[PDB]
Amino acid sequence: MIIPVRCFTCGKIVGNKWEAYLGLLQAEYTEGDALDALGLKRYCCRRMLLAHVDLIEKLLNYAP
Amino acid sequence: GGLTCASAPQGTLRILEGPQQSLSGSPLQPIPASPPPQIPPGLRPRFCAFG
Ligand SMILES: [Zn+2]
């Protein structure tokens, strides 16, 4: 729905890396370089931000 | 106006439209094979061992 504040496996704050990851993919990085350059080195931390469907930009369209 | 009968007809010609020639090509046209997966270029170790 929204990015988790912590990675599930190890408790790294990955919840501050969603806007500054969209900003790197909009500025033409590959995803194999937009995750190393945010400091996500373990593949449990990369997993949280690579495979994330941010399903609240689709859910706020139904707003009063 | 009597309309008398006649003899037996020998043969019966059947007129029909011809077979569809030059419709199929002499070689066949298959769907091309989906390619085998490639190892992508630019793969390197991004994980360094800590400390
Ligand atoms: Zn982690």
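Per the deposited record, cryo-EM is how this structure was determined, to a resolution of 3.1 Å.

**Student:** How should the overall build of chain A be read in this particular structure?
**Tutor:** When you go through chain A residue by residue, the secondary structure sums to two helices and zero strands. Its C-alpha atoms give chain A principal-axis dimensions of about 40 × 30 × 15 Å. Across the 64 residues in chain A, those meeting the buried criterion constitute 31%. Across chain A, every contact between residues at least 6 apart in sequence was considered, and the portion connecting residues at least 24 apart equals 55%. Counting every atom, chain A has about 4500 Å² of accessible surface; 60% of that belongs to carbon and sulfur.

**Student:** Whenever I open this one, the coordination of the zinc ion confuses me. Can you help?
**Tutor:** Note on metal geometry: ideal angles are 109.5 degrees for four donors arranged tetrahedrally and 90 or 180 degrees for six donors arranged octahedrally. All names here are of chain A. Looking at the zinc ion, the protein donor atoms are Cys7 (SG), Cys10 (SG), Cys44 (SG) and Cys45 (SG), and they sit 2.4 to 2.5 Å from it. If you look at the zinc ion, its four donor atoms make angles of 94 to 131° with each other, and the shape they trace is tetrahedral. Between consecutive donors of the zinc ion, the numbers of intervening residues give the motif C-x2-C-x33-C-C. With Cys10 in the segment before helix 1 (19-26) and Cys44 in the loop between helix 1 and helix 2 (45-50), this residue pair connects regions lying 34 residues apart in the sequence. The buried category is assigned to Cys44, whose relative accessible area is 13%.

**Student:** Please explain the UniProt feature "binding site: Zn(2+)" in chain A as it appears in this structure.
**Tutor:** Residues and elements named next belong to chain A. The UniProt feature table records "binding site: Zn(2+)" at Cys7, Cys10, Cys44 and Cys45. Spanning 39 residues, the named residues form one tight spatial group whose C-alpha atoms are at most 7.7 Å apart. The topology assignment puts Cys45 in helix 2.

**Student:** It is not clear to me how the nonpolar core should be interpreted in this structure. Could you clarify?
**Tutor:** For soluble globular proteins, the rule of thumb is that nonpolar side chains tend to be buried together. All names here are of chain A. Of all hydrophobic cores here, the largest spans 14 residues; its most connected members are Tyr21, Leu40 and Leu49. Mapped onto this core, the elements with two or more residues apiece are helix 1 and helix 2. The biggest single contributor to this core is helix 2, with three residues. Apart from residues lying up to four places away in sequence, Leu49 is in contact with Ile3, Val14, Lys17, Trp18, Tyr21, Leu35, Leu38 and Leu40.

**Student:** Please clarify how unusual backbone geometry should be interpreted in this entry.
**Tutor:** In most cases, non-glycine residues show a negative phi, while peptide bonds are predominantly trans. The phi dihedral of A:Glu28 is positive, around 65°, even though this residue is not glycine. With respect to the helices and strands, the residue A:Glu28 is situated in the loop between helix 1 and helix 2. With a phi angle near 60°, B:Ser22 is a residue other than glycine that sits in the positive phi range.

**Student:** I would appreciate a short explanation of the side chain of A:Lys17 in the present structure.
**Tutor:** Residue and element names in this part refer to chain A. By secondary structure assignment, the location of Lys17 is in the segment before helix 1. A polar atom in the side chain of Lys17 sits 3.3 Å from the side chain of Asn16. Once you skip the residues sitting within four places of it in the chain, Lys17 turns out to touch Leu38, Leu40 and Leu49.

**Student:** Help me understand the packing of aromatic side chains, please; the structure alone is not making it clear to me.
**Tutor:** The geometry of an aromatic ring pair comes down to the distance between the two centres and the angle between the two planes. All names here are of chain A. Overall, the coordinates contain one aromatic pair over all chains when judged by the stated rule. Seen from their ring centres, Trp18 and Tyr21 are 5.9 Å apart, and the 35° between their planes marks the pair as tilted. Under the relative-accessibility criterion, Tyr21 is labelled buried at 2%.

Cut-offs used in this document
- Residues numbered from 1 in each chain as written, not as in the entry; some residues may be left out.
- Chains lettered and ligands numbered in written order.
- Part of a larger assembly, values for the part shown.
- Heavy atoms only, no water.
- Helix = DSSP H or I, 4+ residues; strand = E, 2+ residues; numbered from the N terminus.
- Buried < 20%, exposed > 50% of the residue type's maximum accessible area, 1.4 Å probe, protein only.
- Contact = heavy atoms within 4.5 Å.
- Areas by Shrake-Rupley, 256 points an atom, 1.4 Å probe, with all protein chains shown as cover.
- Donors = N, O, S within 2.8 Å, 3.2 Å for Na, K, Ca; no water.
- Tetrahedral: all angles 85-135°; square planar, octahedral: opposite > 155°, others 65-115°.
- UniProt positions renumbered as here; feature names shortened; annotations may be inferred.
- Core = buried A, V, L, I, M, F, W, Y, C linked by side-chain atoms within 4.5 Å.
- Polar contact = N/O pair within 3.5 Å; in protein donor to acceptor, adjacent residues only side chain to side chain.
- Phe/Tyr/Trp six-rings, centres within 6.5 Å; stacked < 30°, edge-to-face > 60°.

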